[PDB]
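Colleague: Sharing an experimental structure here, sequence included.
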Amino acid sequence: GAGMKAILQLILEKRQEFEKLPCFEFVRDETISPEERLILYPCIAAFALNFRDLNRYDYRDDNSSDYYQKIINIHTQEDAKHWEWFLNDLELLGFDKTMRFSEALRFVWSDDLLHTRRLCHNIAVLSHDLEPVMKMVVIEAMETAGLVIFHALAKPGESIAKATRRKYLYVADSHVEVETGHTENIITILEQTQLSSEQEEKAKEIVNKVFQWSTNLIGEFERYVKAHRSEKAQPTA
Amino acid sequence: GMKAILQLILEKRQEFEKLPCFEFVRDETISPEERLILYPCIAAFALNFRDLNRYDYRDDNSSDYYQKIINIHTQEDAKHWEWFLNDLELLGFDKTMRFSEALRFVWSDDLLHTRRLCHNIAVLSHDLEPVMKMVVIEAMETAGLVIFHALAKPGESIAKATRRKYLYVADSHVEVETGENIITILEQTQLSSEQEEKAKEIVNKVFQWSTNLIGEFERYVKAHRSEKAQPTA
Ligand SMILES: N[C@@H](Cc1c[nH]c2ccccc12)C(=O)O
Ligand SMILES: N[C@@H](Cc1c[nH]c2ccccc12)C(=O)O
Ligand SMILES: [Fe+2]
Ligand SMILES: [Fe+2]
Ligand code: NI
Ligand code: NI
Ligand code: NI
Ligand code: NI
Ligand code: NI
């Protein structure tokens, strides 16, 4: 229908806005050392394990016989493994520092990482009463934002991986490629689905919110970078 | 109506109070440092509870009478996370560790129910009218008073033995938590049939999620029997 085609087109329009945010200009700027462009990496601590939990406990319904939910379960199973990759690159980048337990807690629950820490919370709340087809729209919008972020972060990440001869897993092309997926992708199923008028309206609200919340997270990354521009990652060769 | 909902909260409290974790915590034949082995588990909850109170309960864009008094109470409850960080240091649990060891601790599969308690309350609360939010908050505060009445027993024993001011596992926390109140307003309120059935669901959920957290605290103590508090004189 024109319903589903309007939804997928809205995700494209939001993606095109989202790709142009200042953070991503900065992350992509090869005239700044990759070490300085990845100074935002530790901020991901407020999101990456929350995302694991979103996939394990909010998206997944192991019991459902529903066609759409079974496809979600398969995809979420894989997407919930990426937090280990985050902790891998956290160490390689020199950001796995020894600190007091309270300093780690005060960092994650920083007022400067509120939108970062609440992105998966907001998605869980949006998703609580959605039928599987509508969760698929949530996941497609959220994955579209994710691919923009990690396509950008993989640029300095692959520069450091090549130079230090270390295998990066999270800020790395392998993450982008595995995430994109190539049994069927959600975007294939969505292209074969028609939405009611209510569903079409709910899908608009979903795409708008997922992109607004993702932009709020990126906003906090930009302000963290501004506060740390004299600092850099310290990868070991 | 309400009377039935206030009576279920007291029934749930009397059941909750009997959990094996609370018998362990109140056992004065066990050193208080051993009974507060569970204290660092509170890291997965205390700052989430701050956020629940700042962001999920509170609505700074409402004019409703019930929502106004909620906002007031959530203001005070949102300050106790600093007391948690105070007592963490006093008990010798503010350990130097890798950032990743802190993250792997809070996001432990053994603290799933502890970490998801506030999340579960936010999902439960997000579409509730304010009177029903008051029911969530009253049940939650009833469960919290059982826990902190028990924790303050070994807390105040260490506080006196070491002459340090404890703030979280301490009588002062139990006293300000308790001290117009929400219960006053609920006693004077008439629940429709539909609100009555939902208030029942809220009170059952708040106490089941709280029991699940307490279960994880008990399993933690058994899996870390060495890692007793190390307060200093
Ligand atoms: N790929 C990310 C998850 C992710 C999906 N969508 C996002 C949007 C914003 C930030 C992160 C994400 C990870 O493995 O952790
Ligand atoms: N008083 C607790 C909060 C609390 C209320 N109800 C609870 C139930 C379980 C655990 C904690 C709580 C604090 O300041 O952190
Ligand atoms: Fe990922
Ligand atoms: Fe409290
Ligand atoms: Ni996938
Ligand atoms: Ni392939
Ligand atoms: Ni109060
Ligand atoms: Ni809702
Ligand atoms: Ni352990």
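Modeller: All right, it came through fine. Numbering: from 1, shown residues only, chains lettered A, B, ... in the order given. Ligands and ions are numbered 1, 2, ... in the order given.

Colleague: Can you show me the helices along chain A?
Modeller: With DSSP state H, the ranges of helices along chain A come out as A:2-19, A:22-27, A:34-37, A:48-53, A:67-79, A:82-92, A:101-108, A:114-127, A:132-164, A:173-180, A:186-191, A:197-227.

Colleague: How about the spatially most central residue of chain A: what's its closest non-neighbour residue?
Modeller: Centroid-nearest residue in chain A: residue A:146, 3.4 Å away (criterion: Cα atoms, centre = their mean). Leaving out its chain neighbours, the residue that sits closest to residue A:146 by Cβ to Cβ, 6 or more residues apart in numbering or on different chains is residue A:179, at 6.3 Å. The way it works is simple: take the backbone N, C-alpha and C, and place the C-beta from them, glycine included.

Colleague: From ligand 3, how far off is the one you found?
Modeller: Separation of residue A:179 from ligand 3 (Cβ to the ion, to the nearest Å) stands at 5 Å.

Colleague: Roughly how far does that residue sit from residue B:100?
Modeller: Using Cβ to Cβ, to the nearest Å, one gets 22 Å for the distance from residue A:179 to residue B:100.

Colleague: Equivalent analysis for residue A:127, please.
Modeller: Distance of residue A:127 to residue B:100, computed by Cβ to Cβ: 28 Å.

Colleague: For chain A, list the residues in contact with ligand 2, please.
Modeller: Taking Cβ under 6 Å from any ligand atom, no part of chain A reaches ligand 2.

Colleague: List, one by one, the residues from chain A near chain B.
Modeller: Of all the residues in chain A, those in contact range of chain B (Cβ under 8 Å from any Cβ of the partner chain) are A:42, A:45, A:49, A:52-53, A:57, A:83, A:87, A:90-91, A:95-102, A:104-109, A:114, A:117-118, A:121, A:124-125, A:128.

Colleague: Quick one, which of the residues you listed are buried?
Modeller: Neighbour counting by 16 or more other Cβ atoms under 10 Å in any protein chain shown classes A:42, A:45, A:49, A:52-53, A:57, A:83, A:87, A:90, A:95-96, A:99-102, A:104-105, A:107-109, A:114, A:117-118, A:121, A:124-125 among the residues of chain A next to chain B as buried.

Colleague: what about stretch A:93-101, how long is it end to end?
Modeller: 20 Å (Cα to Cα, to the nearest Å).

Colleague: roughly how far out does stretch A:209-227 sit from the chain middle?
Modeller: Its chain's C-alpha centre and that of stretch A:209-227 lie 12 Å apart, by Cα atoms, centre = their mean, to the nearest Å.

Colleague: That one and ligand 1, are they touching?
Modeller: Yes - Stretch A:209-227 is in contact with ligand 1 by Cβ under 6 Å from any ligand atom, via A:214, A:217.

Colleague: What are the buried residues along that stretch?
Modeller: A:209-211, A:213-215, A:217-218, A:220-222, A:224-225.

Colleague: which of those lies closest to ligand 2?
Modeller: Proximity of the buried residues of stretch A:209-227 to ligand 2 (Cβ to the nearest ligand atom) peaks at residue A:220, which lies at 25.1 Å.

Colleague: which residues does that closest one contact?
Modeller: Residues in contact with residue A:220 (Cβ atoms under 8 Å, 6 or more residues apart in numbering or on different chains) are A:43, A:112, A:113, A:114, A:115, A:116.
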